[PDB]
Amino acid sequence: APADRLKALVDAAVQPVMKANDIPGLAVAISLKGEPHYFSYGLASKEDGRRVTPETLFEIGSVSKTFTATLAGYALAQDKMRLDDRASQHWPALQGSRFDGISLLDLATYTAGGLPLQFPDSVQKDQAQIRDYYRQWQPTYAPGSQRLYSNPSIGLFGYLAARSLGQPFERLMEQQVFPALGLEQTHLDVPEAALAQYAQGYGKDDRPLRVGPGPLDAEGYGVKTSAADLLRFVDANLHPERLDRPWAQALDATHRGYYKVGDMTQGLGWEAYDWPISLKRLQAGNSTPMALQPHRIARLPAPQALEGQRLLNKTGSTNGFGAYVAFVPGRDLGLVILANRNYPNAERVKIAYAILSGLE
């Protein structure tokens, strides 16, 4: 009976949304009172008929920001940086720039003063171009005052966290972070031996789309992972105490809220809501206006623990893919939804809300 009821709940949430958004393939993974449950739908590749499984690799886009935040949490645990550091402390090229007056916290939480959603098209994936972009950038408004969701912002946060540890960002993730979290199916650069698992992404007229190189891509949006590995990461977030102590502290650093915008409390990577909350309010917090427009923040007088009666979440998108992760610390409940079409955030949240409501 229980396996039949859980399958009926997840199918009822997923199937109409896959049909309505023409999603070729979708993987669900659920952590429920310490047990994993997987539901796999459709095709990883339409052309070769490869089916989605819990081992299929998807692009998770900005869910990568929670991994970037975890690396910064490790640098914090090691006393190699502090969130109140000026950004230019960690990169001499930025000395004398406006990054002398911008904190690592500002970069991590998109409050540096109007760093845009993307690097401009004039900035290619090239160390000198990225360096020169930051050297010349000037805030539109005071650092710390307005949230503008931004790849160059948290990208530079990750880049500087890696500099504080004295190694390149991609090497630290591969050699230290993924192994510490027990993640063997999680990649910034998918090995040749694993390419057979890499789903195709789909856009307009089913154009094939896998993410191409971009400036600070690894830090902002570069992770490819399976539903099973991403649920292992959610389970690490639900139980940091099970990891070796520096890594427990690194995860805990991603569960601290600094300010509110509407119903959302901003952490490092994770965004949190009170739980329960209406589906419409969870959709609104993950809406296009929240992501694309500047919002004045309401700063907390001290950092707030993102635990208990809360939902922590993150959306992630690339041209071909749409991911969503959510978990409820105080209920030991976690959810991953990975798809190979970039379909609306509101639809991702609709699936998740139906599942989380029915596990409740």
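All residue numbers refer to positions in the sequence shown, first residue = 1.
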Of 336-344 and 5-13, the one with larger mean CA B-factor: 5-13
Averaging CA B factors per stretch from the PDB record, which one is higher: 170-178 or 265-273? 170-178
For the listed residues 283, 226, 150, 78, which one has the largest C-alpha B-factor as given in the deposited model? 78
From 235, 106, 252, 241, pick the one with the largest CA B-factor in the entry? 241
Ranking the modelled residues of this chain by C-alpha B-factor as given in the entry, is residue 278 in the lowest, middle or highest third? lowest
Name the third of the chain's ranked CA B-factors that contains residue 33, choosing lowest, middle or highest. highest
Thinking about Cα B factors across the chain, which third does residue 304 belong to? highest
Within-chain third of residue 47 by Cα B-factor, per the entry: highest
Ordered by C-alpha B-factor within the chain, which third holds residue 138? Give me lowest, middle or highest, please. middle
